[PDB]
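So the structure is just underneath, and the comments pick up after that.
There are 2 protein chains.
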Amino acid sequence: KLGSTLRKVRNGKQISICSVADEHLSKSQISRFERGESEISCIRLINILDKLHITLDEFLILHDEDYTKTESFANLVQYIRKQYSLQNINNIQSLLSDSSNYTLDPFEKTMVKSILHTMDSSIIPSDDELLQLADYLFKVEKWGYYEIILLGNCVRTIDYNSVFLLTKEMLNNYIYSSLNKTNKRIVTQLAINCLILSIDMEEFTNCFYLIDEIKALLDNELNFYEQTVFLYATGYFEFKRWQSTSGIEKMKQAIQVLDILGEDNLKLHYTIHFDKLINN
Amino acid sequence: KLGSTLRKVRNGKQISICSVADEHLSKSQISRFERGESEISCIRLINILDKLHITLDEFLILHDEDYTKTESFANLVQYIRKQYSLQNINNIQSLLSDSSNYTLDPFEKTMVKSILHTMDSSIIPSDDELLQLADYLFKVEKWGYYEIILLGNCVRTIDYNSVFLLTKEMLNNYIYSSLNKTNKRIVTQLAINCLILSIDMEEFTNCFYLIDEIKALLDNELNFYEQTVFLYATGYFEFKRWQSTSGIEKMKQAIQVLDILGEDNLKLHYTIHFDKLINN
DNA sequence: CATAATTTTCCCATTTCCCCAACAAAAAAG
DNA sequence: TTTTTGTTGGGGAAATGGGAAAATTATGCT
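Protein chains in written order, with the UniProt record's numbering: chain A, 4 to 283; chain B, 4 to 283.
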């Protein structure tokens, strides 16, 4: 089913079958594959794509732009992003029902329940399903998008100690490629949220460790949003610890960035937090 | 050659061949493929990966962690970025020589020559080759990483109007998704640099267009670096156009962000620019 | 207009892959 | 023994590679 869009891509680049053919694939097989008549192995498909100067990510994206993007987990988080952004609780809660067309696996149900916990405190993930998701994450080899998102939304639902331990493992086991730092950016955001939660719990050794780790992640990475929330994180850290004038200075500076960059909502939430810190 | 790392992945998630076996692929074929004995079509490999909760990029990244990467345009820009950061002019220029173990295609040579132009004014791409790369980009269908990087690194070498036209075409033809917001970030950076060059040439209608377009790209995209350079861009815009009191404030706000976070050198570049503008 | 280019596609040699079974084989059920 | 998993063959089915028609485009010149 892929070959059709290979034809589309090839003709858009005004390249002939004769050109993309090489010692690795005969012209006839390209003709057949592009016509949905036969299927070629992934290795040779990558070879042909490289001839055309297009990534497999780019090609599969163009191919999913036509046809359909079926139940993936990528489309699941996409859908939850759209609903949560709109604040449609009864649209997300429906993913747990029987009649749902998006199907959730146990860990997916745990993650959705934990996301719904922020929209409604009454929606609580069971102690057992949470310990099962922790069981899974503790026995991971290399962390992909899947495991990252699973941990990321349950940072405040699973036991703290478990959360920090899993964060430490994630930092030194997740899949990363320089040409796509999406996983890296999400990991940095998760680490910073774990840092905020660590200052909440007053475990300053975990705080120091995560501050160094986040520093490393941020280094020569133009993720100024993460840098800003991390500046506020270091401020919260130094305030909880000693009530440092440099910490409150950093916390003020972060809201100042959120002001210059007209990010109204971020500035507002990080102002209301600072208010509770200075009121009490 | 792929199957081996699939085995690794499968063994890391501690799931059996019987588990990933389904209506689409027999167990024996998985055994053989993982043993480097037979090859499955990309569709079936995608299916097996989907069962294992891993992207095809994630999987190919793990596969490239071992073995070796056939040096491509992706790895070429990887290398040139690393060298440019370190300021190794002769290490970049060596890519054009006989002795280079990267064989650069004509447009790749044009891009490298243009990268060397910023490091040395004497290195200028010929009038012919720049028009050759422009001709290529003008007859592109969908803009992938290749075409985007080619334009982005030649924004100041090809004809201004040609560059702006190619930018306008790129904004409405590039490949974009969600599991990879990389290309969108690069496109936003390119648009903002085209905006700076548009204020340089004083084509304020092009500026207006790019301001709206960049606005659209940035919306609820936490690219505070792009937002900062765009705030300074709008400041330069309003200053050159009207000598606006609001524009100098915007430029000051952007330099303020670059200081507040602590990106020293960015602060230096955008300070030297503001200094020359307020001096003259 | 007609003819001459390329791009493409249609059939058939053989190689290779693949589902169905039977085994081979370590576990973690009893 | 009790579900389980990793690795083998054999009829069958595809997927390939190499040649010629047929659809599509570029031009033959008076």
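Ideal Cβ placement from N, Cα and C applies to all residues, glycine included.
Checklist entry - If you pair each beta-carbon of the segment 242-251 of chain B with each one of the segment 221-232 of chain B, do three or more pairs fall below 8 Å? => result No: the two stretches stay apart, fewer than three of their Cβ pairs being nearer than 8 Å.
Item to check | Proximal residues of chain A, C-beta to C-beta of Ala236 (chain B) below 9 Å | outcome: Within chain A, no residue comes near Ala236 (chain B); the closest Cβ sits about 14 Å away, beyond 9 Å.
Item to check | alpha helix (DSSP H) segments (min. 4 residues) lying fully within the segment 130-183 of chain B | outcome: Taking 4 residues as the minimum length, the alpha helix (DSSP H) runs contained wholly in the segment 130-183 of chain B are 130-141, 148-155 and 163-174, in order along the chain.
Next on the checklist: Using the three-state DSSP reduction, which class does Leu28 (chain A) fall into: helix, strand or coil?
Outcome noted: Note: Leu28 (chain A) maps to strand in three-state DSSP.
Next on the checklist: Need the endpoints of the alpha helix (DSSP H) that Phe76 (chain A) sits in, please.
Outcome noted: It is not in any alpha helix (DSSP H) - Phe76 (chain A) carries neither H nor E in the DSSP assignment.
Checklist entry - Name the residues in the segment 253-279 of chain A whose C-beta lies less than 7 Å from a C-beta of chain B; which are they? => result Across the segment 253-279 of chain A, CB contacts with chain B closer than 7 Å involve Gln256, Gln259, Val260, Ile263 and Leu264, in sequence order along the chain.
Next on the checklist: Taking the alpha helix (DSSP H) that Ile217 (chain B) belongs to, which residues open and close that run?
Outcome noted: Residue range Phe207 to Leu221 is occupied by the alpha helix (DSSP H) that includes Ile217 (chain B).
Item to check | Sequence-distant residues of the same chain with beta carbon closer than 6 Å to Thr113 (chain A), five excluded per side | outcome: The residues are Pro128, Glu132 and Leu136.
Item to check | Beta-carbon proximity check, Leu55 (chain A) vs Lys85 (chain A), cutoff 8 Å | outcome: In this structure, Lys85 (chain A) does not lie closer than 8 Å to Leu55 (chain A) by Cβ.
Item to check | Beta-carbon neighbours of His27 (chain A), restricted to chain B and to distances below 8 Å | outcome: By Cβ distance, chain B contributes nothing, its closest Cβ being about 12 Å from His27 (chain A), past 8 Å.
Item to check | Cα-Cα separation, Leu48 (chain A) to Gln32 (chain A) | outcome: Approximately 11 Å, taken between the alpha carbons.
Next on the checklist: Tell me which residue opens and which closes the alpha helix (DSSP H) that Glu61 (chain A) is part of.
Outcome noted: From DSSP, the alpha helix (DSSP H) with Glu61 (chain A) extends over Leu59 to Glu68.
Item to check | Per-residue DSSP class, three states only, for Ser44 (chain B) | outcome: Strand, per DSSP.
Next on the checklist: Rounded to whole angstroms, what is the Cα-Cα separation between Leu264 (chain B) and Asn226 (chain A)?
Outcome noted: A direct Cα-Cα distance of roughly 11 Å separates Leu264 (chain B) from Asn226 (chain A).
Item to check | Inter-residue CB distance, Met173 (chain A) and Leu154 (chain A) (contact presumed, cutoff 8 Å) | outcome: With a beta-carbon spacing of about 6 Å, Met173 (chain A) and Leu154 (chain A) fall inside the 8 Å limit used to define contacts.
Checklist entry - If you compare alpha carbons, which of A:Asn283, A:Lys11 and A:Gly6 is closest to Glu144 (chain B)? => result In terms of CA proximity to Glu144 (chain B), A:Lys11 leads the group A:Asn283, A:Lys11 and A:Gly6.
Next on the checklist: Against chain A, which members of the segment 74-107 of chain B pass a CB distance test of less than 7 Å?
Outcome noted: The residues in question are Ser75, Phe76, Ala77 and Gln81.
Item to check | CB of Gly39 (chain B) within 8 Å of CB of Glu61 (chain A), strictly | outcome: Contact: no.
Checklist entry - For the candidate residues B:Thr208, B:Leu198, B:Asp203 and B:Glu206, whose alpha-carbon lies nearest to that of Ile217 (chain B)? => result Residue B:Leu198 is the option with its Cα nearest to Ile217 (chain B).
Next on the checklist: Do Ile189 (chain A) and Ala236 (chain A) have their beta-carbon atoms positioned less than 8 Å apart in this structure?
Outcome noted: Result no, Cβ atoms of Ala236 (chain A) and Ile189 (chain A) do not sit closer than 8 Å.
Item to check | Element boundaries [alpha helix (DSSP H), containing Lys112 (chain A)] | outcome: Taken as a continuous stretch (DSSP letters only), the alpha helix (DSSP H) holding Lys112 (chain A) covers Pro109 to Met122.
Item to check | Exposed unless 16 or more other CB atoms sit within 10 angstroms - verdict on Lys187 (chain B) | outcome: Buried, because 16 or more other Cβ atoms sit within 10 Å of the Cβ of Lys187 (chain B).
Checklist entry - Should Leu89 (chain B) and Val115 (chain B) be called a contact, given that it needs their Cβ atoms to be closer than 8 Å? => result Their beta carbons are not under 8 Å apart, which means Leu89 (chain B) does not touch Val115 (chain B) by this criterion.
Next on the checklist: Just to confirm my understanding: we take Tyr273 (chain A), look at its own chain, exclude 5 residues before and 5 after, and list those with CB closer than 7 Å. What are they?
Outcome noted: Closer than 7 Å at Cβ, skipping near neighbours: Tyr235, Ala257, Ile258 and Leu261.
Checklist entry - So, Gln81 (chain B) versus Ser181 (chain A), is the Cβ gap smaller than 8 Å? => result Yes, the Cβ-Cβ distance between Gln81 (chain B) and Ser181 (chain A) is below 8 Å.
Item to check | For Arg188 (chain B), the first and last residue of its enclosing alpha helix (DSSP H) | outcome: Segment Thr185 to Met204, the alpha helix (DSSP H) holding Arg188 (chain B).
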